[PDB]
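A.B. asks: Questions regarding the structure given below will be posed in turn.
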Amino acid sequence: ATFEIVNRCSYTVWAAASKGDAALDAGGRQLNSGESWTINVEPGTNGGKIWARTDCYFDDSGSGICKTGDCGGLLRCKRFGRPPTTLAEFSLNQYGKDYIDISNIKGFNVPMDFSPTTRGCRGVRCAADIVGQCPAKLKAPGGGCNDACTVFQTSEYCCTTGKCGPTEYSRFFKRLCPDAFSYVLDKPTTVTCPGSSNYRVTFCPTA
Ligand SMILES: O=C(O)c1cccc(C(=O)O)n1
Ligand SMILES: O=C(O)c1cccc(C(=O)O)n1
Ligand SMILES: O=C(O)c1cccc(C(=O)O)n1
Ligand SMILES: [Eu+2]
């Protein structure tokens, strides 16, 4: 499957793509404002994620740090990134269909649209100014809006036992972005797409 990753933000982002225990494609790349990077994701990839990283420094070996979404200091991510990270999440070719969503469960850093480029399903978007509106107690200095689990490490925010409800913090993410997961047991906003669909992830879709 191809994912066209487009940075419409006015600032550079460092895109990242991983399934947690491995890179997808090269795993990461710099996208200046307006740039597009098309990656190949193997069919059957389960639990893949794409995200943006902001304010990164990398040396000539591809090692450094990002203020948001750092993946163990690598340009080419092999693992998931440090919250806060808005997540484009996908599982492909799962019994004939693909499944996509956006999630704020690991916080929010950059607004994103995640849509199919092929027929048969809708896209999802979280484009609101979550960083600007972020509750004070969730604000990340280096940028972004942390999820409550990251900040407070309670069973209720982290849904540790598989039993948890919505919270004042989850409801903030949900209010700003109804079509993204706001906590672990949120009413799902996963979209079913035809198996082997192709996609576009756009950062800053409205600006
Ligand atoms: O490599 C990492 O990110 C790491 C390693 C050990 C513990 C933790 C953790 O508890 O977050 N994270
Ligand atoms: O298991 C973990 O602790 C973990 C996994 C992916 C990324 C990170 C991180 O960036 O801290 N930590
Ligand atoms: O030091 C770390 O590895 C760390 C710190 C904050 C969050 C996380 C995480 O979400 O894994 N990991
Ligand atoms: Eu960690």
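Naming works like this for the structure tokens: A, B, ... for the chains as they're shown, residue 1 at the start of each chain, ligands 1 onward in shown order.
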What parts of stretch 35-196 of chain A does DSSP call strand (DSSP E or B)? I'd like the answer as a PyMOL selection string.
C.D. replies: chain A and resi 36-40+48-58+63-68+74+87-94+97-103+108+112-116+124-126+139+145+180-181+191-194
A.B. asks: Please give me, as a tab-separated table (two decimals) with N, CA, C and O atoms, in the first residue's frame, the residues lying within 10 Å of ligand 2 when counting only C-alpha atoms and all ligand atoms.
C.D. replies:
```
chain	number	residue	atom	x	y	z
A	18	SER	N	5.95	3.56	11.62
A	18	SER	CA	6.42	2.37	12.32
A	18	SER	C	5.24	1.48	12.67
A	18	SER	O	4.13	1.94	12.73
A	20	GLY	N	5.88	-0.41	15.49
A	20	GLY	CA	6.19	-0.59	16.90
A	20	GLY	C	7.46	-1.37	17.12
A	20	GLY	O	8.26	-1.02	17.99
A	21	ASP	N	7.63	-2.42	16.35
A	21	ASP	CA	8.82	-3.28	16.45
A	21	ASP	C	9.64	-3.22	15.17
A	21	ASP	O	10.58	-4.01	14.97
A	68	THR	N	8.92	16.95	19.95
A	68	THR	CA	7.78	16.06	20.02
A	68	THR	C	7.95	14.83	19.13
A	68	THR	O	8.52	14.93	18.03
A	69	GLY	N	7.46	13.70	19.61
A	69	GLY	CA	7.39	12.47	18.85
A	69	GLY	C	8.74	11.79	18.59
A	69	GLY	O	8.82	10.93	17.76
A	70	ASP	N	9.77	12.16	19.35
A	70	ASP	CA	11.11	11.53	19.18
A	70	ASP	C	11.00	10.01	19.30
A	70	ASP	O	10.34	9.50	20.22
A	71	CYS	N	11.64	9.27	18.38
A	71	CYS	CA	11.64	7.82	18.43
A	71	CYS	C	13.06	7.32	18.76
A	71	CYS	O	13.80	6.86	17.90
A	72	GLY	N	13.44	7.46	20.02
A	72	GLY	CA	14.79	7.01	20.43
A	72	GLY	C	15.91	7.72	19.70
A	72	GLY	O	16.99	7.15	19.47
A	73	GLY	N	15.66	8.96	19.30
A	73	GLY	CA	16.66	9.83	18.71
A	73	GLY	C	17.03	9.51	17.28
A	73	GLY	O	18.01	10.05	16.77
A	77	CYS	N	12.73	6.15	12.11
A	77	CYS	CA	12.13	5.50	13.27
A	77	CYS	C	11.95	4.02	13.05
A	77	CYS	O	11.50	3.61	11.98
A	78	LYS	N	12.34	3.23	14.06
A	78	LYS	CA	12.04	1.81	14.12
A	78	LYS	C	10.95	1.52	15.16
A	78	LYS	O	10.32	0.48	15.13
A	79	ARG	N	10.74	2.46	16.08
A	79	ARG	CA	9.79	2.29	17.16
A	79	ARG	C	8.83	3.48	17.16
A	79	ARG	O	9.06	4.46	16.44
A	80	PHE	N	7.79	3.40	17.98
A	80	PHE	CA	6.86	4.53	18.13
A	80	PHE	C	7.54	5.72	18.80
A	80	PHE	O	8.64	5.61	19.35
A	81	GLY	N	6.89	6.87	18.73
A	81	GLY	CA	7.48	8.12	19.19
A	81	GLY	C	6.99	8.55	20.56
A	81	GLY	O	5.95	8.11	21.04
A	82	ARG	N	7.76	9.43	21.17
A	82	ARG	CA	7.46	9.94	22.50
A	82	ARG	C	6.22	10.87	22.43
A	82	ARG	O	6.24	11.86	21.72
A	83	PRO	N	5.17	10.60	23.23
A	83	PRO	CA	4.08	11.54	23.28
A	83	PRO	C	4.55	12.93	23.70
A	83	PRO	O	5.55	13.05	24.44
A	84	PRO	N	3.84	13.98	23.29
A	84	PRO	CA	2.55	13.96	22.59
A	84	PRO	C	2.69	13.81	21.08
A	84	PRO	O	3.49	14.51	20.48
```
A.B. asks: Find the distance between atom CA of residue A:190 and atom CA of residue A:101 and write it in Å to one decimal.
C.D. replies: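 The value is 4.7 Å.
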A.B. asks: Nearest to residue A:107 among A:140, A:22, A:145, A:6, with distances taken over only C-alpha atoms: which residue is it?
C.D. replies: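 Ranked by minimum distance to residue A:107, first place goes to A:145.
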A.B. asks: Select, from A:183, A:74, A:110, A:206, the residue with the minimum atom-to-atom distance to ligand 1, counting only C-alpha atoms and all ligand atoms.
C.D. replies: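 Closest residue, counting only C-alpha atoms and all ligand atoms: A:74.
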A.B. asks: Select, from A:90, A:169, A:37, A:11, the residue with the minimum atom-to-atom distance to residue A:124, counting only C-alpha atoms.
C.D. replies: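 Closest to residue A:124 of all the choices is A:90.
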A.B. asks: So which residues touch residue A:160 within 12 Å, counting only C-alpha atoms, skipping near sequence neighbours fewer than 4 positions away, as a ChimeraX atom specification?
C.D. replies: /A:149,153-156,164-165,183-185
A.B. asks: For the residues in the current selection, export N, CA and C atoms as a PDB file, in the first residue's frame.
C.D. replies:
```
ATOM      1  N   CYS A 149      -3.059  10.115  30.536  1.00  0.00           N
ATOM      2  CA  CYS A 149      -2.326   8.925  30.997  1.00  0.00           C
ATOM      3  C   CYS A 149      -0.838   9.233  31.123  1.00  0.00           C
ATOM      4  N   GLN A 153      -0.523   9.028  34.964  1.00  0.00           N
ATOM      5  CA  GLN A 153      -0.213   7.603  35.215  1.00  0.00           C
ATOM      6  C   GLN A 153      -1.164   6.981  36.237  1.00  0.00           C
ATOM      7  N   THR A 154      -2.459   7.177  36.020  1.00  0.00           N
ATOM      8  CA  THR A 154      -3.487   6.517  36.818  1.00  0.00           C
ATOM      9  C   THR A 154      -4.180   5.418  36.024  1.00  0.00           C
ATOM     10  N   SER A 155      -4.761   4.476  36.739  1.00  0.00           N
ATOM     11  CA  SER A 155      -5.510   3.406  36.081  1.00  0.00           C
ATOM     12  C   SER A 155      -6.686   3.985  35.283  1.00  0.00           C
ATOM     13  N   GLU A 156      -7.288   5.063  35.779  1.00  0.00           N
ATOM     14  CA  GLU A 156      -8.470   5.614  35.095  1.00  0.00           C
ATOM     15  C   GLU A 156      -8.106   6.258  33.749  1.00  0.00           C
ATOM     16  N   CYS A 164     -12.522   1.798  32.233  1.00  0.00           N
ATOM     17  CA  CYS A 164     -12.320   3.215  32.492  1.00  0.00           C
ATOM     18  C   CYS A 164     -13.464   3.940  31.795  1.00  0.00           C
ATOM     19  N   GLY A 165     -13.747   5.154  32.250  1.00  0.00           N
ATOM     20  CA  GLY A 165     -14.686   6.025  31.571  1.00  0.00           C
ATOM     21  C   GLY A 165     -14.018   7.236  30.952  1.00  0.00           C
ATOM     22  N   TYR A 183      -9.753   8.497  24.364  1.00  0.00           N
ATOM     23  CA  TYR A 183      -9.286   7.632  25.438  1.00  0.00           C
ATOM     24  C   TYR A 183      -9.430   6.190  24.972  1.00  0.00           C
ATOM     25  N   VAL A 184      -8.876   5.259  25.753  1.00  0.00           N
ATOM     26  CA  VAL A 184      -8.737   3.888  25.266  1.00  0.00           C
ATOM     27  C   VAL A 184     -10.085   3.264  24.875  1.00  0.00           C
ATOM     28  N   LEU A 185     -11.112   3.473  25.684  1.00  0.00           N
ATOM     29  CA  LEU A 185     -12.422   2.863  25.445  1.00  0.00           C
ATOM     30  C   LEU A 185     -13.422   3.831  24.853  1.00  0.00           C
TER      31      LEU A 185
END
```
A.B. asks: Take atom CA of residue A:9 and atom CA of residue A:76 and report the distance between them in Å, one decimal.
C.D. replies: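 Computing it gives 20.7 Å between the two atoms.
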A.B. asks: Calculated over only C-alpha atoms and all ligand atoms, which of the candidates A:65, A:151, A:136, A:100 has the smallest distance to ligand 3?
C.D. replies: A:151
A.B. asks: With only C-alpha atoms as the atoms that count, which of A:87, A:5, A:193, A:31 lies nearest to residue A:111?
C.D. replies: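 Among the listed residues, the smallest separation from residue A:111 belongs to A:87.
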A.B. asks: Between atom CA of residue A:67 and atom CA of residue A:55, what is the distance in Å, rounded to a tenth?
C.D. replies: 5.4 Å
A.B. asks: Give me the residues near residue A:3 as an MDAnalysis selection string, where near means some atom within 7 Å (using only C-alpha atoms) and where sequence neighbours in that chain fewer than 6 positions away do not count.
C.D. replies: chainID A and resid 38:40 198:201
A.B. asks: Return the single residue from A:178, A:143, A:194, A:166 that is closest to residue A:85, with distances computed using only C-alpha atoms.
C.D. replies: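 That would be A:143, the residue with the smallest distance to residue A:85.
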A.B. asks: Give me, as an NGL selection string, the residues of stretch 48-178 of chain A that a backbone DSSP run labels helix (DSSP H, G or I).
C.D. replies: :A and (130-133 or 136-138 or 148-152 or 155-158 or 168-176)
A.B. asks: Which residues are near residue A:17? Cut-off 7 Å, only C-alpha atoms, ignore same chain within fewer than 4 positions. Put them as an MDAnalysis selection string.
C.D. replies: chainID A and resid 23:24 27:28 49:51 77
A.B. asks: Write out the residues from the selection above, keeping N, CA, C and O atoms, as a PDB file, in the first residue's frame.
C.D. replies:
```
ATOM      1  N   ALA A  23      10.457  -0.281  11.516  1.00  0.00           N
ATOM      2  CA  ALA A  23      10.114   0.827  10.610  1.00  0.00           C
ATOM      3  C   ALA A  23       9.121   0.356   9.571  1.00  0.00           C
ATOM      4  O   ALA A  23       9.058  -0.831   9.215  1.00  0.00           O
ATOM      5  N   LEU A  24       8.328   1.297   9.062  1.00  0.00           N
ATOM      6  CA  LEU A  24       7.606   1.086   7.820  1.00  0.00           C
ATOM      7  C   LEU A  24       8.361   1.912   6.791  1.00  0.00           C
ATOM      8  O   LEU A  24       8.664   3.071   7.038  1.00  0.00           O
ATOM      9  N   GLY A  27      11.027   4.554   7.630  1.00  0.00           N
ATOM     10  CA  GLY A  27      10.736   4.884   9.031  1.00  0.00           C
ATOM     11  C   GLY A  27      10.614   6.352   9.379  1.00  0.00           C
ATOM     12  O   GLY A  27       9.941   6.705  10.326  1.00  0.00           O
ATOM     13  N   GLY A  28      11.266   7.216   8.620  1.00  0.00           N
ATOM     14  CA  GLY A  28      11.200   8.653   8.928  1.00  0.00           C
ATOM     15  C   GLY A  28      11.898   9.460   7.862  1.00  0.00           C
ATOM     16  O   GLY A  28      12.798   8.964   7.190  1.00  0.00           O
ATOM     17  N   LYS A  49       1.465   2.984  12.426  1.00  0.00           N
ATOM     18  CA  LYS A  49       1.203   4.365  12.787  1.00  0.00           C
ATOM     19  C   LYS A  49       2.116   5.279  12.007  1.00  0.00           C
ATOM     20  O   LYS A  49       3.285   4.966  11.773  1.00  0.00           O
ATOM     21  N   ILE A  50       1.550   6.437  11.653  1.00  0.00           N
ATOM     22  CA  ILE A  50       2.273   7.542  11.076  1.00  0.00           C
ATOM     23  C   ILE A  50       2.003   8.758  11.952  1.00  0.00           C
ATOM     24  O   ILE A  50       0.872   8.999  12.404  1.00  0.00           O
ATOM     25  N   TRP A  51       3.062   9.519  12.189  1.00  0.00           N
ATOM     26  CA  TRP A  51       2.977  10.745  12.963  1.00  0.00           C
ATOM     27  C   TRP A  51       4.000  11.782  12.502  1.00  0.00           C
ATOM     28  O   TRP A  51       4.919  11.486  11.730  1.00  0.00           O
ATOM     29  N   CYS A  77      12.732   6.152  12.111  1.00  0.00           N
ATOM     30  CA  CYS A  77      12.133   5.497  13.266  1.00  0.00           C
ATOM     31  C   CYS A  77      11.954   4.019  13.047  1.00  0.00           C
ATOM     32  O   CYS A  77      11.496   3.609  11.982  1.00  0.00           O
TER      33      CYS A  77
END
```
